Amino acid sequence: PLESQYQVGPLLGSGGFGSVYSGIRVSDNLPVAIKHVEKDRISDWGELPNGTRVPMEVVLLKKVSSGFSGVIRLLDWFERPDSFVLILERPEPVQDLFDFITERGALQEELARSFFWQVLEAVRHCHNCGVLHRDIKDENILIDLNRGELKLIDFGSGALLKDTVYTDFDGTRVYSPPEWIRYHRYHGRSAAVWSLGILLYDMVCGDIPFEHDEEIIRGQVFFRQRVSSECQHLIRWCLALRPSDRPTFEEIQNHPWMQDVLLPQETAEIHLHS
Ligand SMILES: O=c1[nH]cnc2c1sc1c(Cl)ccc(Cl)c12
């Protein structure tokens, strides 16, 4: 044990999630990301199937790590006196969706469809595993640029999925539903669907629809870019003011805008230029 196991490269990012470095597993030259989180910046703690005091983020990542490639998988973790260190898979080359949208602007609908579909599969996988992400947004999605595959990251604001009301939240406010803003109360699935509507709008328009609380509460969607009526309808459906008026995951994936999605590799070859 100990970081004789890993060679450390450049800082890849830092923010609310901690600090993430590029890394190489010395053992087999596996590319990895190395994420440092300060103990004092951790509020939510859980314990393992084993039963040790770990950050909730480790509990959640363990529950979603395995066969599916929709989430960036936890390979290992270490405790330090003042911090935890997490070793995560690193696709190469990779770009986060926020940066991809910054570089390219509003996405063509065919591309947004494939991207949005993969996000839905990823979020469904988390929920099936009993994990609520609570911070779905472009900054928390990585693109494996050669494979055309999207991967969910930073579960540091998430929770165990439950069927009762959540009264806490520490994700991104501008992706948070009106019921959180007004009442400080939400249910996990319908909150997630709201965040998915914001993300979808973000993809086809090149920015998020709401910046202020009053915009969120009003729920009035203005399309700033040319977007098909089918896409507008799905977006408007996801952004329903009443949580029960929002579509289920099945209803989203069965929507006419979602039909005939590109395969990931088709997506990379057409849009990411493989
Ligand atoms: O978990 C993460 N949080 C924040 N950033 C990242 C991760 S993984 C990862 C990988 Cl693999 C490549 C590049 C970045 Cl910036 C991140």
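All chain A residue numbers match Swiss-Prot; in order, they span 33-306.
Note: Cβ is positioned from N, Cα and C throughout, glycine not excepted.
Applying an 8 A CB threshold to same-chain residues 6+ apart, the list for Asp167 (active site, proton acceptor) reads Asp186, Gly188, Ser189, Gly190, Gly203, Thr204, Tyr207, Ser227. The feature active site, proton acceptor is assigned by Swiss-Prot to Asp167.
Swiss-Prot lists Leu44, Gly45, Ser46, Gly47, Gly48, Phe49, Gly50, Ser51, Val52, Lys67, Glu121, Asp128 with the feature ATP binding site. In this structure, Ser46 (ATP binding site) is part of a beta strand by DSSP. Counting only residues at least six positions away in the same chain, the Cβ atoms of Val52 sit under 8 Å from the Cβ of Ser46 (ATP binding site).
Positions annotated as domain 'Protein kinase' by Swiss-Prot, on the basis of sequence analysis: 38-290.
Annotated phosphoserine per Swiss-Prot: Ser98 (among others), in sequence order. The number of other Cβ atoms within 10 Å of the Cβ belonging to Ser98 (phosphoserine), over all protein chains shown, comes to 11.
Non-local contacts of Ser261 (phosphoserine) by the CB criterion (under 8 A, 6+ apart in sequence, same chain) are absent. The phosphoserine feature in Swiss-Prot is assigned to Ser261 (among others); the stated evidence is experimental evidence.
In sequence order, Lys67, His68, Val69, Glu70, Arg73, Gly188 are the residues near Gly50 (ATP binding site), counting only same-chain partners six or more apart with C-beta under 8 A. Contacts of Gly48 (ATP binding site) defined by a Cβ separation under 8 A and a same-chain sequence distance of 6+ are given as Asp186, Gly188, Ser189, in order along the sequence.
Sequence-distant contacts (6 or more apart, same chain, Cβ under 8 Å) of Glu121 (ATP binding site) comprise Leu62, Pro63, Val64, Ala65, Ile104, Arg105, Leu107. Checking the recorded positions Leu44, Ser46, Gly50, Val52, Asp167 against ligand 1 with a 6 Å cutoff on the Cβ atom leaves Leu44, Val52, in sequence order. Cα separation, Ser98 (phosphoserine) to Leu44 (ATP binding site), rounded: 24 Å.
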